[PDB]
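Shown here is one chain on its own, the form deposited in one PDB entry, set out as C-alpha cells.
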C-alpha cells in the first residue's frame, strides 16, 4: 500500500462535523430506477486536483475505489489492484454491477478510512443526509 498520501489527509485529527454541509445529493437515473448519491468534493491542496467520495443513499455503500484514488494521488494502476483485490479477500464489499468501482459497507469503509488516514471525511459522508 502506498504511503505517498494526499496532503489533505495529513491531519487525521480533524473534527468530522465541519465537512457535513459541503456534501451534496445527486440522483442518477438507472435502468432499474433512479438512485441517490451523496458526494463530497475533496481537493488536493498542492496539485489542486479534486476528487469526489461518494456514498449510495440506500445502505450507505461507499466507493472504496474513489477513497483510494483520493488518498494516494501518485498511485499506479497496479497499486490500485493490490489494495482493491485486498478488499475482496479481507472485507465484505457489495456487488452492484450498475456502478463502477468497489463499494463497501460502513464497517469496511470506516476501517479503510483508518488505513487511509481519512476517517474525518468518511463519518462526514456517512452522517450527511440524502434529505
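Numbering follows the first chain given and starts at 1.
Per-stretch averaging of Cα B factors for 5 to 13 and 20 to 28 places 5 to 13 on top.
Averaged over their C-alpha atoms, the temperature factors of 31 to 39 and 74 to 82 are higher for 74 to 82. Sort the chain's modelled residues by C-alpha temperature factor and residue 58 lands in the lowest third, per the entry.
Placement of the Cα temperature factor of residue 51 within the chain: lowest third of the modelled residues, per the deposited record. When the CA B factors of the chain's modelled residues are split into thirds, the value for residue 69 lands in the lowest one. Remark: residue 87 belongs to the highest third of its chain, ranked by C-alpha B-factor as recorded. Ranked against the other modelled residues of its chain, the C-alpha B-factor of residue 118 as given in the entry falls in the highest third.
Omitted from view is the form deposited with a partner chain bound, to which the following refers.
At a distance threshold of 4.5 angstroms between non-hydrogen atoms, residue 91 is out of contact with the partner chain in the bound PDB entry. Interface membership of residue 95, defined by any non-hydrogen atom within 4.5 Å of the partner chain in the bound PDB entry, is ruled out.
With a 4.5 Å cutoff on heavy atoms, residue 78 does not count as touching the partner chain in the bound PDB entry; it lies far away.
Contact annotation: residue 29 falls within 4.5 Å of the partner chain in the bound PDB entry, judged by heavy atom distances.
Just one of 10, 114, 24, 16 comes within 4.5 Å of the partner chain in the bound PDB entry, counting any heavy atom, and that one is 24.
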